[PDB]
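Chains AF, AW, AG, AL, AX and AU, in that order, give the protein sequences.
The first sequence begins at 1 in the entry's author numbering and counts up by one.
The second sequence begins at 3 in the entry's author numbering and counts up by one.
Going by the entry's author numbering, the letters in the third sequence line up with residues 1 to 34, 39 to 100, in that order.
The fourth sequence begins at 2 in the entry's author numbering and counts up by one.
The fifth sequence begins at 5 in the entry's author numbering and counts up by one.
The sixth sequence begins at 2 in the entry's author numbering and counts up by one.
Built from N, CA and C at the ideal position, the CB exists for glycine as well.
Input: a single structure, listed below in structure tokens.
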Amino acid sequence: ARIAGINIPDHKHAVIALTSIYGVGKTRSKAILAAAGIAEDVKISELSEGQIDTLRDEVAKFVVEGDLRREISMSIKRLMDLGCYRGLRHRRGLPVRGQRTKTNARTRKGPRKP
Amino acid sequence: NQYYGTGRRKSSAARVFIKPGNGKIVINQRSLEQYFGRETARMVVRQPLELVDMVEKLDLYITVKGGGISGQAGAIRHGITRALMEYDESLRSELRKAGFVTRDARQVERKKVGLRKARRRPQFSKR
Amino acid sequence: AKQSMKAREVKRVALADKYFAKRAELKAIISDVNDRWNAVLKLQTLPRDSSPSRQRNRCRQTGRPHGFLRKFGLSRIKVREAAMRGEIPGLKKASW
Amino acid sequence: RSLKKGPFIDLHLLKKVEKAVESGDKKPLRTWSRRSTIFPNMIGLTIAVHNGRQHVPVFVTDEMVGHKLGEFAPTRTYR
Amino acid sequence: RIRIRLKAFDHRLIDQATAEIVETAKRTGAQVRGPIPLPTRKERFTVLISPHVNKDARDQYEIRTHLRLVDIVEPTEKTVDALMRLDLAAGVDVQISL
Amino acid sequence: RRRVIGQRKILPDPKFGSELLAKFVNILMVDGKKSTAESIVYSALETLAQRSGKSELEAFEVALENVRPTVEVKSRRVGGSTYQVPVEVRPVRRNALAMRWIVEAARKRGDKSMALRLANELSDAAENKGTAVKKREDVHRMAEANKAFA
RNA sequence: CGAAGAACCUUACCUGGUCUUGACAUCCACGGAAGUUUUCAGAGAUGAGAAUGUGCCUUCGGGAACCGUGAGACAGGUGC
RNA sequence: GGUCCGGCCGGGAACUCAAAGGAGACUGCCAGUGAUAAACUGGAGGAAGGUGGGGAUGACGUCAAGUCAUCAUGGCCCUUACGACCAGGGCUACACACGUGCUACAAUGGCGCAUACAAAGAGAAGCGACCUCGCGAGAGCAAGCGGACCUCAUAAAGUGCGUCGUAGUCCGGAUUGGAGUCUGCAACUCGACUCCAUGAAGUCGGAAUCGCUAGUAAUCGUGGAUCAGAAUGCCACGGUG
């Protein structure tokens, strides 16, 4: 499938190679090992690209690392500002979810100090 | 003809019958070793019948309504105490001499407000 | 807030069917997420004051709302008479 | 985030914006129901918020889509 | 199995009432049940009658409030009819309803 | 306190008829769960037996001989200051105390699983090397000696 | 903590908007049939309109359900 | 007794169960004890034993303590007032602690597949299965069920077979990238939970504030109300131990 990315698994077997890839759904990893489908013991180099080119057109529209570590930041833009929904809190450079999560931002954005 | 017993321990909720001869111990549809197979308490449920030579003379059939094997292992004890009490009056002495006759009723004057033991009265050698 | 909004609830509480819950039995079916007519709900939402299910309530046996025990139909302060006339049928010596 | 399934607005505010929106070289607006989400055609002019302590302007410039006006209302000196 | 849930304040009154059915609703049809009890409300009763606010005068009483199932296996009019003709015996609450 | 009501009676173990093996694992519990812990201690008496291929249960006593004490020291100030004065633990307290010293070593003692801690620690006990022997012997180096200062 | 929900909340309090017989409830004085439905205003209290309605005794008297405005008497709160 | 394999529906009264009226254990008779007093031990015999247990009532005397925020009322309140209508909001910061309450420090652990048994509860301002669409918080269809019928537990342990190999992880949810929701005028500078990416302190802390003696604290869960509602508070009985 010659999939886009930054990293490769090194000597580990299937069930841990497939999830030490730098952004691939571990809860999914179970069904996707049977999707292709391949054994739990494959040290990934024996897939010869072509025993995974077998799910190619599906993985050509999935978020695998290079998007989840970068290009997904272009997906927020139509929610991102003041107005209605989701928000300006993303643009402003803060923690997004925690209790009073604006207040968290000492390290994040400039202060560090209490 | 036949004999019977019932018990209430931890929290079974089980009965037993006795039938004339051939010496076995079933639980509705499976044998004893299938229902209690690793429960270290499995040994007592037949032990005062094997004494009085059950092998051709007595035979046993347990049924259940709160499975609860760590209580059932003794609920059956007072139950089979009842069954024997109409087969043989002589074993009232045996069952008593080895404890099998007893059932669960005793706390030891325990905690109600905070003092560990609470029946034993203030006590002296002259005051 | 003592006798209060009683004068405003009493004039529209009894019509919560006519405001919604029988007026809904044709037009409100389409109007749901399960049925997707996006035009519709937003033009039934205007009555604002009656708009059910909302009722400020009437604790009656207490002249003012020092709370109200919904399990029991009496105010939050009121329990002690029920040992002296039986209106809470498990009110006996405390569990502590 | 609890705007749970679709948009909503401060009603009493966007019902009265309409003459500021008509030829918007006109001076700012105000509001106190800080609950205040607003709409896309307030653009190129200035809403403001009772903060609560005082009032503060917030400029609907070119990009607004995304959060309540509560995003710029200084409510106690946050140290 | 239609469950006529007989009750009274006292044991004396529900006794007289079930004893008529177990015989008369049984006449040509069902083996009609009637002694078979429910969670019989043997509690303690306290109402204030203190003539002023002074010590106690909340005279504690006791109750029976005794309740049973009358059970009829079939509606069979040619056996049950005496229990519907028993309407005049107002003091026992019968809860036929099912 | 005048009544003779004091101690715990229990039943013996499920294989060999001793209150020793029952009470031993009935300290080792550390969290309750009794039945499977009694099955692990059975496996402990088998993993002891793998040292010879005979009845090594005959060596469970032989080991516990070096680990049963005589002394215990309790809270004592009766001459205006710390004054111990051991006095003996009774005939039944002898091996019941040894379990506590076997268990308090076993808890962290480093061997290959839960049985193989107690098998090896009762191996060491047999050879006088035991952690439980050393825990005993330290209260003998302490208390049993102050018998000449009492 | 009372608070078992200090962001409609049984309101402290910061206020602003009404009042001090006030929200609630009487005894006589002259009179009224009681309510359903939207439209525009208003932050809430409250403001300005448009239509649709007319019950029970029935001495045609006196009133009920039930709404009024005008009299003299006259209303309240955890304060320890 | 039939089986079309489900107490299914025939079929009858052993016992659990449900339970009303109620009932039976006393130094009773056996040995030792001493004054054949005392009573204390074991036991005939037992479902308890010397209040058999567990609830309970809680006298005068109760700290010059409360309930002074329903008390019940004598002495005394403010009344342009402490009287009554109605929309907003902000309590939580943060240096400081310090504790109450939470946990994370890995194999007497868990992790992955598969296997044996209880129930304490609350329940028409109700509780709702089967069954449809599901990554799931969460949608829909609706049998039912009023007090063993409906439902919410398919406690966690434990047991058989596999996988790590002592390894900061595989475990740490400190938390922060984005994604979503059940209500609401309402939660955002204010929550409550869900899906995937992750990963702040982490490796056994000293001194010295009292838990907890028995079927009792480690251990092993489930429920409830206030109330348009999210308590970790507390509250009560079960059980490996």
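Residue j beta carbon less than 7 Å from that of residue i
i: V57 (chain AX); j: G38 (chain AX); result: no
i: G76 (chain AW); j: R11 (chain AW); result: yes
i: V47 (chain AW); j: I71 (chain AW); result: no
i: residue 131 (chain AW); j: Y5 (chain AW); result: There is no way to answer for residue 131 (chain AW), as the model of chain AW reaches only from 3 to 129.
i: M56 (chain AW); j: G25 (chain AW); result: yes
i: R45 (chain AX); j: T69 (chain AX); result: yes
i: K82 (chain AX); j: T32 (chain AX); result: yes
i: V104 (chain AU); j: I28 (chain AU); result: yes
i: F60 (chain AL); j: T47 (chain AL); result: yes
i: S29 (chain AF); j: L18 (chain AF); result: yes
Inter-residue Cα distance where the pair is residue i and residue j
i: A1 (chain AG); j: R60 (chain AG); result: 11 Å
i: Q36 (chain AW); j: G23 (chain AW); result: 22 Å
i: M65 (chain AL); j: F73 (chain AL); result: 14 Å
i: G50 (chain AF); j: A34 (chain AF); result: 16 Å
i: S124 (chain AU); j: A36 (chain AF); result: 54 Å
i: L117 (chain AW); j: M115 (chain AU); result: 39 Å
i: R89 (chain AF); j: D81 (chain AF); result: 8 Å
i: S19 (chain AU); j: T48 (chain AU); result: 19 Å
i: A45 (chain AU); j: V5 (chain AU); result: 37 Å
i: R31 (chain AL); j: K16 (chain AL); result: 13 Å
Contact set for residue i: own chain, Cβ-Cβ below 7 Å, skip 5 residues either direction
i: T22 (chain AX); result: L10, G38, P39, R72, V74
i: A126 (chain AU); result: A64, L65, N67, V68, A133, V134
i: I30 (chain AG); result: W41, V44
Cβ neighbour criterion (16 or more within 10 Å) applied to residue i
i: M30 (chain AU); result: exposed
i: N96 (chain AU); result: buried
i: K43 (chain AF); result: exposed
i: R91 (chain AU); result: exposed
i: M74 (chain AF); result: exposed
i: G131 (chain AU); result: buried
i: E111 (chain AW); result: exposed
i: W100 (chain AG); result: exposed
i: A29 (chain AX); result: buried
i: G111 (chain AU); result: exposed
i: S127 (chain AW); result: exposed
i: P13 (chain AU); result: exposed
i: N7 (chain AF); result: exposed
Residue-level contact to chain AG via CB, residue i, 7 Å cutoff
i: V57 (chain AX); result: no
i: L71 (chain AX); result: no
i: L52 (chain AX); result: yes
Closer than 7 Å to chain AW by CB, residue i
i: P13 (chain AU); result: no
i: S36 (chain AU); result: yes
i: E39 (chain AU); result: yes
heavy atom of the ligand ADP below 6 Å from residue i C-beta
i: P13 (chain AU); result: The ligand ADP is not part of the structure shown, which contains no ligands of any sort.
Below-7 Å beta-carbon distance, residue i vs any chain AX residue
i: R80 (chain AG); result: no
i: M5 (chain AG); result: no
i: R84 (chain AG); result: no
i: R8 (chain AG); result: no
i: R23 (chain AG); result: no
Chain AF contact for residue i (CB, 7 Å cutoff)
i: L46 (chain AL); result: no
i: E72 (chain AL); result: yes
i: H56 (chain AL); result: no
CB contact check: residue i to chain AU, cutoff 7 Å
i: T42 (chain AW); result: yes
Own chain partners of residue i with C-beta closer than 6 Å, once the 5 adjacent residues on each side are dropped
i: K113 (chain AW); result: none
i: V86 (chain AU); result: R77, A151
Residue-level contact to chain AL via CB, residue i, 7 Å cutoff
i: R112 (chain AF); result: no
Nonlocal neighbours in the same chain, by C-beta distance under 8 Å from residue i, ignoring five residues either side
i: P111 (chain AF); result: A105
i: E88 (chain AW); result: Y5
i: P114 (chain AF); result: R106
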